[PDB]
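Dumped input19.pdb below, it's PDB, C-alpha atoms and all ligand atoms:
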```pdb
ATOM      1  CA  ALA A   1      21.471   3.356  -8.075
ATOM      2  CA  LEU A   2      20.290   0.416 -10.178
ATOM      3  CA  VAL A   3      20.055   0.168 -13.937
ATOM      4  CA  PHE A   4      16.485  -0.656 -14.981
ATOM      5  CA  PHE A   5      15.502  -1.729 -18.507
ATOM      6  CA  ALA A   6      12.101  -1.689 -20.170
ATOM      7  CA  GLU A   7      11.299  -2.383 -23.811
ATOM      8  CA  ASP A   8       9.195  -0.009 -25.871
ATOM      9  CA  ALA A   9      11.684  -0.479 -30.562
ATOM     10  CA  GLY A  10      14.520  -0.412 -28.019
ATOM     11  CA  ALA A  11      15.394  -0.294 -24.343
ATOM     12  CA  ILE A  12      14.114   2.437 -22.069
ATOM     13  CA  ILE A  13      16.956   2.882 -19.579
ATOM     14  CA  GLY A  14      16.438   4.064 -16.037
ATOM     15  CA  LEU A  15      19.434   5.128 -13.943
TER      16      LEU A  15
ATOM     17  CA  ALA B   1       3.111   2.411 -17.856
ATOM     18  CA  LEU B   2       6.049   0.087 -18.547
ATOM     19  CA  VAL B   3       7.531  -2.947 -16.856
ATOM     20  CA  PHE B   4      11.182  -2.471 -15.872
ATOM     21  CA  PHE B   5      13.694  -5.092 -14.757
ATOM     22  CA  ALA B   6      16.911  -4.590 -12.832
ATOM     23  CA  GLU B   7      19.109  -7.120 -11.073
ATOM     24  CA  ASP B   8      21.008  -6.965  -7.828
ATOM     25  CA  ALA B   9      21.528 -12.040  -7.042
ATOM     26  CA  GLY B  10      18.109 -11.777  -8.701
ATOM     27  CA  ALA B  11      15.624  -9.607 -10.537
ATOM     28  CA  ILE B  12      14.248  -6.309  -9.249
ATOM     29  CA  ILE B  13      10.924  -5.311 -10.819
ATOM     30  CA  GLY B  14       9.848  -1.758 -11.559
ATOM     31  CA  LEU B  15       6.467  -0.407 -12.656
TER      32      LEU B  15
ATOM     33  CA  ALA C   1      11.514  -0.750  -3.911
ATOM     34  CA  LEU C   2      11.504   3.051  -3.806
ATOM     35  CA  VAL C   3       8.806   5.421  -4.970
ATOM     36  CA  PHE C   4      10.198   7.819  -7.582
ATOM     37  CA  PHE C   5       8.357  10.934  -8.793
ATOM     38  CA  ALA C   6       8.892  12.967 -11.942
ATOM     39  CA  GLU C   7       6.739  15.798 -13.258
ATOM     40  CA  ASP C   8       5.489  15.849 -16.828
ATOM     41  CA  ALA C   9       0.675  18.000 -16.038
ATOM     42  CA  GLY C  10       1.091  15.582 -13.124
ATOM     43  CA  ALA C  11       3.423  13.145 -11.419
ATOM     44  CA  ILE C  12       4.962  10.227 -13.259
ATOM     45  CA  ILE C  13       5.208   7.549 -10.566
ATOM     46  CA  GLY C  14       7.833   4.844 -10.573
ATOM     47  CA  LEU C  15       7.483   1.867  -8.226
TER      48      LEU C  15
ATOM     49  CA  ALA D   1      14.161  11.557 -20.498
ATOM     50  CA  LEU D   2      12.817  12.729 -17.132
ATOM     51  CA  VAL D   3      14.338  13.591 -13.785
ATOM     52  CA  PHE D   4      12.972  11.463 -10.934
ATOM     53  CA  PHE D   5      13.354  11.991  -7.193
ATOM     54  CA  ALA D   6      12.941   9.461  -4.411
ATOM     55  CA  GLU D   7      13.960   9.666  -0.772
ATOM     56  CA  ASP D   8      15.395   7.100   1.577
ATOM     57  CA  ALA D   9      17.414  10.339   5.053
ATOM     58  CA  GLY D  10      17.886  12.207   1.766
ATOM     59  CA  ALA D  11      17.083  12.415  -1.917
ATOM     60  CA  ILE D  12      17.721   9.650  -4.442
ATOM     61  CA  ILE D  13      17.966  10.878  -8.039
ATOM     62  CA  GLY D  14      16.790   8.954 -11.079
ATOM     63  CA  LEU D  15      17.313   9.668 -14.777
TER      64      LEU D  15
HETATM   65  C1  LIG E 101      18.342   4.815  -9.393
HETATM   66  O1  LIG E 101      18.432   3.752  -8.775
HETATM   67  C2  LIG E 101      17.530   4.944 -10.676
HETATM   68  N1  LIG E 101      18.264   4.657 -11.898
HETATM   69  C3  LIG E 101      16.298   4.036 -10.650
HETATM   70  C4  LIG E 101      15.562   4.001 -11.999
HETATM   71  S1  LIG E 101      15.116   5.618 -12.691
HETATM   72  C5  LIG E 101      13.808   6.102 -11.580
HETATM   73  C1  LIG E 102       5.324   3.520 -15.217
HETATM   74  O1  LIG E 102       5.562   3.320 -16.406
HETATM   75  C2  LIG E 102       6.303   3.091 -14.134
HETATM   76  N1  LIG E 102       6.369   1.638 -13.996
HETATM   77  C3  LIG E 102       7.669   3.664 -14.474
HETATM   78  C4  LIG E 102       7.691   5.174 -14.444
HETATM   79  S1  LIG E 102       9.249   5.805 -15.044
HETATM   80  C5  LIG E 102      10.264   5.660 -13.572
HETATM   81  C1  LIG E 103      11.695  -0.078  -7.540
HETATM   82  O1  LIG E 103      12.479   0.354  -6.692
HETATM   83  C2  LIG E 103      11.098   0.814  -8.622
HETATM   84  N1  LIG E 103       9.852   1.470  -8.259
HETATM   85  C3  LIG E 103      12.085   1.898  -9.060
HETATM   86  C4  LIG E 103      11.450   2.925 -10.011
HETATM   87  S1  LIG E 103      10.616   2.234 -11.468
HETATM   88  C5  LIG E 103      12.019   1.680 -12.418
HETATM   89  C1  LIG E 104      14.640   8.501 -18.621
HETATM   90  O1  LIG E 104      13.659   9.240 -18.679
HETATM   91  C2  LIG E 104      15.093   7.896 -17.301
HETATM   92  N1  LIG E 104      15.649   8.899 -16.396
HETATM   93  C3  LIG E 104      13.903   7.196 -16.666
HETATM   94  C4  LIG E 104      13.410   6.026 -17.485
HETATM   95  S1  LIG E 104      11.896   5.363 -16.812
HETATM   96  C5  LIG E 104      12.536   4.312 -15.507
END
```

Would you write out, as structure tokens, the structure that this file holds?
Ligand code: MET
Ligand code: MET
Ligand code: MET
Ligand code: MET
Amino acid sequence: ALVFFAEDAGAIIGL
Amino acid sequence: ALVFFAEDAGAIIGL
Amino acid sequence: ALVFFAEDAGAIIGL
Amino acid sequence: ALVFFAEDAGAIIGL
């Protein structure tokens, strides 16, 4: 599984 | 919807 | 890239 | 945060 980051403030973190 | 970035090397883009 | 589904109603779709 | 499922075979879980 990869770590994905979005910005929305702070980081939205997808595992 | 958000733009997500991972890396694995280079970037991996998520929508 | 994988298609990810969550439920929140309808499907939240991650590309 | 949501629970996401993909498949690739078997399930791939995202948080
Ligand atoms: C697994 O790879 C997962 N963290 C991907 C982002 S959350 C759908
Ligand atoms: C929509 O925002 C999509 N790019 C990400 C859904 S959360 C896994
Ligand atoms: C790429 O694999 C992408 N669709 C994963 C879910 S959105 C972060
Ligand atoms: C939080 O909801 C996390 N499991 C998914 C973030 S959107 C890629």

To test your reading of the syntax: which residues would the PyMOL selection byres (((chain B and resi 11) around 12) and not hetatm) return for the file shown? Reply as a PDB file with C-alpha atoms, keeping the file's coordinate frame.
```pdb
ATOM      1  CA  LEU A   2      20.290   0.416 -10.178  1.00  0.00           C
ATOM      2  CA  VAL A   3      20.055   0.168 -13.937  1.00  0.00           C
ATOM      3  CA  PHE A   4      16.485  -0.656 -14.981  1.00  0.00           C
ATOM      4  CA  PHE A   5      15.502  -1.729 -18.507  1.00  0.00           C
TER       5      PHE A   5
ATOM      6  CA  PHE B   4      11.182  -2.471 -15.872  1.00  0.00           C
ATOM      7  CA  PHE B   5      13.694  -5.092 -14.757  1.00  0.00           C
ATOM      8  CA  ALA B   6      16.911  -4.590 -12.832  1.00  0.00           C
ATOM      9  CA  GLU B   7      19.109  -7.120 -11.073  1.00  0.00           C
ATOM     10  CA  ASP B   8      21.008  -6.965  -7.828  1.00  0.00           C
ATOM     11  CA  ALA B   9      21.528 -12.040  -7.042  1.00  0.00           C
ATOM     12  CA  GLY B  10      18.109 -11.777  -8.701  1.00  0.00           C
ATOM     13  CA  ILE B  12      14.248  -6.309  -9.249  1.00  0.00           C
ATOM     14  CA  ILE B  13      10.924  -5.311 -10.819  1.00  0.00           C
ATOM     15  CA  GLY B  14       9.848  -1.758 -11.559  1.00  0.00           C
TER      16      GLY B  14
ATOM     17  CA  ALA C   1      11.514  -0.750  -3.911  1.00  0.00           C
TER      18      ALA C   1
END
```

Would you give the centre and edge lengths, in Å to one decimal, of a box along x, y and z around the listed atoms of segment 1-13 of chain B, with 8 Å added to each side, as JSON?
```
{"center_x": 12.3, "center_y": -4.8, "center_z": -12.8, "size_x": 34.4, "size_y": 30.5, "size_z": 27.5}
```

Computed gap from atom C2 of ligand LIG 102 (chain E) to atom CA of residue 15 of chain A is 13.3 Å
